[PDB]
Amino acid sequence: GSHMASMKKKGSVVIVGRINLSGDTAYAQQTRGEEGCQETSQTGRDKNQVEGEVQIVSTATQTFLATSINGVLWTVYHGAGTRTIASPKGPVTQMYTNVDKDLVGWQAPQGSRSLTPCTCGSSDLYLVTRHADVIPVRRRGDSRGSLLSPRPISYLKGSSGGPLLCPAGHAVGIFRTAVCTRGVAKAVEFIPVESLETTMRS
Ligand SMILES: CC(C)(C)[C@@H]1NC(=O)O[C@@H]2CCC[C@H]2OC/C=C/C(F)(F)c2nc3ccccc3nc2O[C@@H]2C[C@@H](C(=O)N[C@]3(C(=O)NS(=O)(=O)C4(C)CC4)C[C@H]3C(F)F)N(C2)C1=O
Ligand SMILES: [Zn+2]
C-alpha cells in the first residue's frame, strides 16, 4: 500500500507447546490455546515458562516446530519468515536468517534445553514429529534421509523445524522438506547440523 500510517505489522512466532522427550514416553503438550496465541503474537510478550528441546510454534496462519541446538532455537524460513519470536520481555529479533538454507534462528528461550550437535558420524537417525511420533530415518546424503516406513505426507505436515537425532540423542539436522510420490513421503531433507554449526561459528 501507499498509506504508511495504516500498514499492518506481522505478528511474532509464538511457542504454543512442546514435544516432551523427558522420560520414557514421547508426547506432545499444548501450553497455549488459539486465543492466547493470537494475543501473544500481536504483543510479542510471552510470559509462559518454556521447557524442553522441541517447541511447537505458531504464527497467525501456520504451525510447525522449532528446536534448540547449542543455545539457538532453530526453525524453517518457510514457516517463520523474518518474524520475531515472542518472549517475556517482548519480541526477539532473529539472530540467524538464511533463506538459501530455509533456516532461521533466535536466541534459545530461558528455560529451554538444548540438544548437542552430533559428532558420531552415524547414519541411523530418528525424526521427531509434532505429534511426538519418533520416525526411523536412514541417512542417505549430507541433507537427505529415507523413511524406513513411508507415510502419507499428512503425517509429516507441521513438523518442519523438528529434529533428526542420532542414536545417542544428538542433533543431526532440522527437518525442512519431504520427498513424496503420489502423496506418500518416502524421504526427507534437512538442514544438517554442520550447516548450522557453520552458521553459528562454533
Ligand atoms: C511437496 C512438499 C512435501 C509440500 C514440499 N516438498 C518439496 O518441495 O520437495 C522438493 C523436491 C525435492 C526437494 C524439494 O525441493 C524444494 C525445497 C523446498 C524447501 F523446503 F527447501 C523450501 N524452501 C523455501 C524457502 C523460502 C520460502 C519458501 C520455501 N518453501 C520450501 O518448501 C516448501 C515447504 C516445504 C514443506 O512443506 N516442509 C514440511 C512441513 O511440515 N512444512 S510445515 O510445517 O507444514 C509449514 C508449511 C508450516 C511451515 C516438512 C514438510 C512436511 F509436510 F512433510 N515443502 C514445500 C515441501 O516439503
Ligand atoms: Zn551423535
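Hydrogens, waters and symmetry mates play no part in the numbers below; they use all other heavy atoms, side chains included. Order of listing sets the numbers, starting from 1, for every ligand and every atom in it. The first residue in the sequence is number 1, and the count goes up from there.
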State plainly whether the residues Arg113 and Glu53 are in salt-bridge range, i.e. N to O under 4.0 Å.
yes
Tell me, do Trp106 and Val13 make a side-chain contact under 4.5 Å, heavy atoms counted?
yes
Do the side-chain N and O atoms of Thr97 and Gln94 include a donor-acceptor pair separated by under 3.5 angstrom?
yes
Name whichever N, O or S atom of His170 ends up nearest to the Zn ion (ligand 2).
ND1
If I take the Zn ion (ligand 2) as the centre, what angle separates the SG atom of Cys118 from the SG atom of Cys166? Nearest 10 degrees is fine.
110°
Is it the case that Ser68 and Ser114 place a side-chain donor and acceptor less than 3.5 Å from each other?
no
Can you check whether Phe64 reaches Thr59 side chain to side chain, under 4.5 Å on heavy atoms?
yes
Kindly tell me which protein residues have any non-hydrogen atom under 4.0 angstrom away from an atom of ligand 1, grouped by chain and ordered by number?
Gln62, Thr63, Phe64, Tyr77, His78, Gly79, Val99, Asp102, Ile153, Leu156, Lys157, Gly158, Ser159, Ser160, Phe175, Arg176, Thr177, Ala178, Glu189
Quick one: do the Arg18 and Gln29 side chains pair a donor with an acceptor below 3.5 Å?
yes
Regarding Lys10 and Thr82, do their side chains bring together a donor and an acceptor under 3.5 Å, going by distance alone?
no
